[PDB]
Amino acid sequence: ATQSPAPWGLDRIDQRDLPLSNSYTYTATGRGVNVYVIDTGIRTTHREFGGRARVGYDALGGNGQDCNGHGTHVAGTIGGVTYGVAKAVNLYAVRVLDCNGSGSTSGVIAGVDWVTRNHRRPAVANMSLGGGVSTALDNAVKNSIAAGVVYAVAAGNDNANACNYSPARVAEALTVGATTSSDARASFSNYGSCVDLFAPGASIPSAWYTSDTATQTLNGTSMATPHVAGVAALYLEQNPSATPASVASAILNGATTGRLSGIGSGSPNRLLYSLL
């Protein structure tokens, strides 16, 4: 099916080169695959989700609904009917951050462990968050991936080496940096050898929590990451038996190479491509 016109980030990833086509083509929808958004929650009644969003877990005593905006926004780029890569996935809120988007690492780990024990295959988890080095968080994400869940995580927005952050530095997770519509590294994006690939992450429009119709445009590696989660869901729809290692390998081998500018030392020149 082809969506036209389309949000620029969707637009960019179904082609290798500029200029943008104002169209996003998809041969899969992620139907039947379960995406766990570990974030500030999700406004599940937002019209972008058409009943496909539900709450899985809330580490803060609440009901899993978003009161910040970020989780809803992220969920929309993954699976919203207009703003989403994979327009028919199942979305699950795993709420580990408060209305101000803050939370202890302990609560983040609680949500990662919940996904490990409660996910259903095929399963994708999105972590559009990051912080200083934490071996306990790294280990909980590695254990979740060993259990069979594909993880996409933000590289971080420090304009720094991504290996210095958790869970960005986990080798087994897909670690995602941000680019602009000119195919350059966004000026805030972390980079280097712990980054696995880049995806659109500046001026990304998606859903917001303040109403069932609200939208917002945002910048960050948190916005790049859900594009990659969405593509993992596309792949798993057609290959539901694939291990996280094989999914990562399909996306990285299929990635567009050589098109990016300013990506930094040690960074791979790889841009997400959806038509795997």
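In this text, residue numbers run from 1 along the sequence as written.
Novice: Comparing 36-44 with 214-222, where is the mean C-alpha B-factor higher?
Specialist: According to the PDB entry, the answer is 214-222.
Novice: Between 250-258 and 10-18, which has the larger average Cα B-factor in the PDB entry?
Specialist: Looking at the recorded C-alpha B-factors, 250-258 comes out higher on average.
Novice: Quick one: which of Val149, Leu174, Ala162, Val112 shows the highest Cα temperature factor in the PDB entry?
Specialist: Spelled out: the listed residue with the top C-alpha B-factor is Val112.
Novice: Specify which of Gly61, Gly56, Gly230, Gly69 carries the largest Cα B factor in the deposited PDB entry.
Specialist: Going by the entry's C-alpha B-factors, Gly61 comes out highest.
Novice: Comparing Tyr191 with the other modelled residues of its chain, is its CA B-factor in the lowest, middle or highest third?
Specialist: For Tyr191, the deposited C-alpha B-factor lands in the highest third.
Novice: Classify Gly156 as lowest, middle or highest third according to the C-alpha B-factor given in the PDB entry, relative to its own chain.
Specialist: Middle third, going by the recorded CA B-factors of the chain.
Novice: When the deposited Cα B-factors of this chain's modelled residues are ordered and cut into thirds, is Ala28 in the lowest, the middle or the highest one?
Specialist: CA B-factor rank for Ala28: middle third.
Novice: Please place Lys142 in the lowest, middle or highest third of its chain according to the CA B-factor in the PDB entry.
Specialist: It falls in the top third of the chain.
Novice: In terms of the chain's CA B-factor thirds, is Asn126 lowest, middle or highest?
Specialist: Within its chain, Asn126 is a lowest-third residue by C-alpha B-factor, going by the deposited values.
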